[PDB]
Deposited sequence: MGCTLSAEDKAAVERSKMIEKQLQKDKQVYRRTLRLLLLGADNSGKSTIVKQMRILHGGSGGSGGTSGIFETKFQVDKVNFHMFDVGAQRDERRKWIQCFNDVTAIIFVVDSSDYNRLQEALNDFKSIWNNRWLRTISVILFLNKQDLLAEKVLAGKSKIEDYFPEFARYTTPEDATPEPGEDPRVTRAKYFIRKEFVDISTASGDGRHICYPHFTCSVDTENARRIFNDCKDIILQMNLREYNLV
């Protein structure tokens, strides 16, 4: 080397030291891809916990970086996210089939074959009121709902109408049925029952991501 080359290599090594500081922050942060529709209310869910709309929140000394987007080409960018938060509006029975069609596209996506889905069934309070009124019948859109009965293993919330429980688990079954269709256990769907005004939405992502991270390890130690 010459006198300027040694100085040049020193500059290159100071850039690497600056990249090292950024790598420590990068690996310690979990990145979540937030998907949904306009009526899903996903923008309210992220707002309560707080091109691409990015949000960073920290829960129990763990940093979460969530991307809100509102597609086979740009979806390859989110190939390394820890989880995908798919949000639907259960009250709107009319567009539920669109959500199921959209959910099936993401679950069976080639570039998301190892990404777990933290499914959110948003606005459960609106779903409870809609069923309680009885004006709208789910059997009109889903005829198989008539022959559906609540499993004995179900754990309804206290003070809940059994009619709501039968409908609430039926919608959840529709998405979970899609999850088990294919995949062979590489990724897991995590159904939940949330609302816009819910304050525990941050914790539900926390525990589900901890299970996702833990299941990454158990695949590594079992040589899967």
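Within the chain's deposited sequence, the coordinate-free stretches run 1-4, 55-67, 88-92 in sequence order.
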